[PDB]
Every structure is written in structure tokens, then in C-alpha cells.
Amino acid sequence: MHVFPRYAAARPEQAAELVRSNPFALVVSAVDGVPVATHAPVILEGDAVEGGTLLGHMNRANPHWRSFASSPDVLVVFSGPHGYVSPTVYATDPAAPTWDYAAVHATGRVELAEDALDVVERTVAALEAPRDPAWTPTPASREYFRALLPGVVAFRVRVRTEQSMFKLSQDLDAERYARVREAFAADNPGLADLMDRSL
């Protein structure tokens, strides 16, 4: 998780946009000295990642959460769009490939969430609200949710350290940049949209 100056966020607001737009995160902790990772929806409470709170849930029968007891520092990785950059795109004889991407890394202490229902219900609102149509939990769904609670574990993470990666070829020259962006405009509109938000 090293970040060059050139591939940094322009406004610290950029990290939170990425977080809110890509909630299917990776929750990582040191179970017994070895990294263990769960894929889970995690949402952001607050305006900023640093000094904000993340909220997530996983399967209770997923034993990963039982090792949150010690409350070790965890890493939550949010992954935005990404894409391979082939030298055939550059069309230059001395060249080397790379991979373009955006990511937000949040490190902090995890604790177990009191109100699992709040967490899951807020996770619903977070994901369904930009979708059209927005799924709004029916009362019977809220009752269904109530019945599913014994099978979920929710958690919180107080973000102690945030770190953002916006590796969008912006160190390239004007000519090689154009080929990269136009090549991604075709096949990877999320990535190409991001190369514009970096200018």
C-alpha cells in the first residue's frame, strides 16, 4: 500500500466517493499471525474516511468474526475500477506494461456492532438508494430482516489511518495518455470516467 505523489487523491473527498461507490469490500485481520480476509458489504458513516466509521456485516457461521474479540487493527480495502494497460496501447517500441486502478485502504480497530439491524438496514439504504428502482424494505421484509438477525454478525471500524490510490496513468505524456484513456473509454468506462475526475 505505497502511494506515489503523482497517483494521489486531488481532494480527500475523492476517497469517500470511491468508498460509497464500491461497498463490496475486503475485511482483513491477523487471525493467528496469518491474514484472513472476508468479502462483505461495508458502508461509511460520516463525510470522510479518516476519522470516520465503517459498518459491515458477515455470516455468523463465518468464523472470521470470532477473532474480532481481541479487537485487533483491521484493514478494509475498497476497490474501484481497474484495468490492464498493454504496451500495444502505447504503440512505442521501448515500453513496459502496468495496471491502472483506484483503491481506498482503511486501517483501524474493529469492534462488534450493538445494533446489527441498524447496520444491515443502513447497508440496504446505501446500496439500493442510487438504483432505479430503489428497493425499499417492505414491512414484511423488515420482519424478515428481524428473523435473519441470529444468522448475521455486524461490526464497526474506527478508521485510524486512511490511504488512497489513484493510479490513472497521469504521469504519462499527452500522446500516450490519449491512447490509454481512449482505449479504456471503449472497454472500461468506469476507469476512463475516473481518469477525467483526476484532471
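The numbering used is simple: start at 1 and walk along the sequence shown.
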Exercise for review: State which stretch shows the higher mean Cα B factor in the entry: 74 to 82 or 122 to 130.
Suggested key: 122 to 130
Exercise for review: Take the C-alpha B-factors listed in the entry for 162 to 170 and for 136 to 144, compute each mean, and give the stretch with the larger one.
Suggested key: 136 to 144
**Study point:** From 30, 55, 40, 152, residue of greatest CA B-factor
**Key:** 30
**Study point:** residue 20 - Cα temperature factor, lowest/middle/highest third of chain
**Key:** lowest
Check your understanding: In terms of the chain's CA B-factor thirds, is residue 69 lowest, middle or highest?
Key -> highest
Review point. C-alpha B factor of residue 199, ranked within the chain: lowest, middle or highest third?
Key: highest
Exercise for review: Sort the modelled residues of this chain by their C-alpha B factor and say whether residue 100 lands in the lowest, middle or highest third.
Suggested key: lowest
Review point. Compared with the other modelled residues in the chain, in which third is the CA B-factor of residue 34?
Key: highest
